[PDB]
Structures are given as C-alpha cells and as structure tokens.
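Enquirer: Mind looking over this structure? Questions follow.
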Amino acid sequence: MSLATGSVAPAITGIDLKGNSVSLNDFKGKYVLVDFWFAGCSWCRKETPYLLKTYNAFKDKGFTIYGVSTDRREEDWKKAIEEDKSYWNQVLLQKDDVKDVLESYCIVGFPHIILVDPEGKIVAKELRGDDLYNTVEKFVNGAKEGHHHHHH
Numbered sequence: 001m002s003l004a005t006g007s008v009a010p011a012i013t014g015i016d017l018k019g020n021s022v023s024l025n026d027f028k029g030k031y032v033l034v035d036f037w038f039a040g041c042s043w044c045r046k047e048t049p050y051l052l053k054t055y056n057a058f059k060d061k062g063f064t065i066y067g068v069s070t071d072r073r074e075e076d077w078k079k080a081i082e083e084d085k086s087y088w089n090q091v092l093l094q095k096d097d098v099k100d101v102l103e104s105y106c107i108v109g110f111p112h113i114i115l116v117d118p119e120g121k122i123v124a125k126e127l128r129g130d131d132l133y134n135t136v137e138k139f140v141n142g143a144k145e146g147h148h149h150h151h152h
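Listed below in structure tokens is the structure:
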C-alpha cells in the first residue's frame, strides 16, 4: 500500500490555541495518536469520548493525541473544542498544509485514526471506538515491564 505499519509519517503543521505553528516533531517523544477530524465530520464527534479517556490516561504513560482539524474557521475550530470538550493537543491545520498532509497519508476520506510511535512511524491505524484506547493499553500498559524483583 501507500503507507504501511512501520512506515515513517510526514510532519503535520498545525496552529495551536494561541496561534503558534506546532509540528509533529515537537511531540516526537511519545506515542502520537494522529486524529483527522473537523466539526463537519459526524463520526469524529462520536469517538471524541474515547479519545478523551485515552489522552488523559496515556498522556503521562508516554502517549499524546494530536488532533488535526482544519474546519471552515479558527473560531469554529475553537468552538468545536468547546462543543466536543475535546481536551487534548488540538491543532488547526493550515489550509495549504492540509493539502499535503491529507494527500500524503493516502487520505481521501474521513474519519481516520493512526498510531504513531516516538520515532514518527505509523505503528498501527484504523483503531476504532474504545479499541484505540485498548490497543495503546495492549502495548504500553504492561506485560513488558519484566517485574525484575518479582512483582516490580
């Protein structure tokens, strides 16, 4: 396929709540959940709760949800964050950046969720519902700790 599990993902250029251009490399030290969404997308608004739980539970473990939105307005992007109550790293995709980013990810449809590792590679994707949480938990949570004393 165009993209594959383990392939390096391009850098996204999204504007933060203040107005700074934040890239993917700036969070390139955690498992980055790249969510492609916008206020006009019906299904993204449905999986918001799952992402919200996932972000708050894994942010400290070593994970971060990078929500990329590029709706009609910045005001509406801000509005959508208030609507969804989606408290995570939301970025406003620059209208030109959208073109490259969406295309290059082999993206011609929405929604779409990909799991990027700290090395910026798409480890997994198409994670659905609570499974996106469960899959991050599946990998990072435990069973690789080793319990070197006996329990820890």
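Under PDB author numbering, the first residue of the sequence shown is numbered 1, with each subsequent residue one higher. Each residue gets a CB set at the ideal place from its N, CA and C atoms; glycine is no exception.
Classify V98 as helix, strand or coil using the three-state DSSP reduction.
Expert: Indexing the sequence shown from 1 puts residue 98 at position 98. DSSP places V98 in helix when its eight states are reduced to three.
Enquirer: Give the DSSP-derived three-state secondary structure of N89 in the structure shown.
Expert: Within the sequence shown, numbered from 1, the residue matching residue 89 stands at position 89. Correct three-state label for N89: strand.
Enquirer: When the Cα of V98 is compared with those of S69, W88, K125, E47, which residue comes out closest?
Expert: As a first step, residue 98 must be located in the sequence shown, where it is residue number 98. The shortest Cα separation from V98 among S69, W88, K125, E47 belongs to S69.
Enquirer: Quick check: the Cα distance between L24 and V34, rounded to an integer number of angstroms?
Expert: As a first step, residue 24 must be located in the sequence shown, where it is residue number 24. As a first step, residue 34 must be located in the sequence shown, where it is residue number 34. Each residue's alpha carbon lies about 9 Å from the other.
Enquirer: Using only the alpha-carbon positions, how far apart do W43 and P111 sit?
Expert: Taking the sequence shown and counting its residues from 1, one reaches residue 43 at position 43. Taking the sequence shown and counting its residues from 1, one reaches residue 111 at position 111. Computed Cα separation, rounded: 7 Å.
Enquirer: Taking the alpha carbon of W88 as the reference point, which residue from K125, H149, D60, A143 has its own alpha carbon closest?
Expert: One-based indexing of the sequence shown puts residue 88 at position 88. Measuring from the Cα of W88, the nearest candidate turns out to be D60.
Enquirer: For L3, collect the residues of the same chain with a Cβ closer than 7 Å to its Cβ; drop the 5 residues on either side in sequence, then sort them by chain order.
Expert: Along the sequence shown, one-based indexing puts residue 3 at 3. The answer, listed in chain order, is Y105, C106, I122.
Enquirer: At 4 residues or longer, and completely inside the stretch 92–152: list those alpha helix (DSSP H) runs for me, N to C.
Expert: DSSP runs (the alpha helix (DSSP H)) wholly in the stretch 92–152: 95–104, 131–136.
Enquirer: Contact check, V116 vs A9 under 8 Å by CB: the rounded distance?
Expert: In the sequence shown, the residue the question calls residue 116 occupies position 116. In the sequence shown, the residue the question calls residue 9 occupies position 9. Yes, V116 and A9 are in contact; Cβ-Cβ is about 5 Å, under 8 Å.
Enquirer: Where does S86 land, buried or exposed, given buried means 16+ other C-beta within 10 angstroms?
Expert: Here residue 86 corresponds to residue number 86 of the sequence shown, with the count starting at 1. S86 should be labelled buried.
Enquirer: Can you tell me the Cα-Cα spacing of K95 and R72, whole angstroms?
Expert: Your numbering for residue 95 matches position 95 in the sequence shown. Your numbering for residue 72 matches position 72 in the sequence shown. Their backbone Cα atoms lie some 10 Å apart in a straight line.
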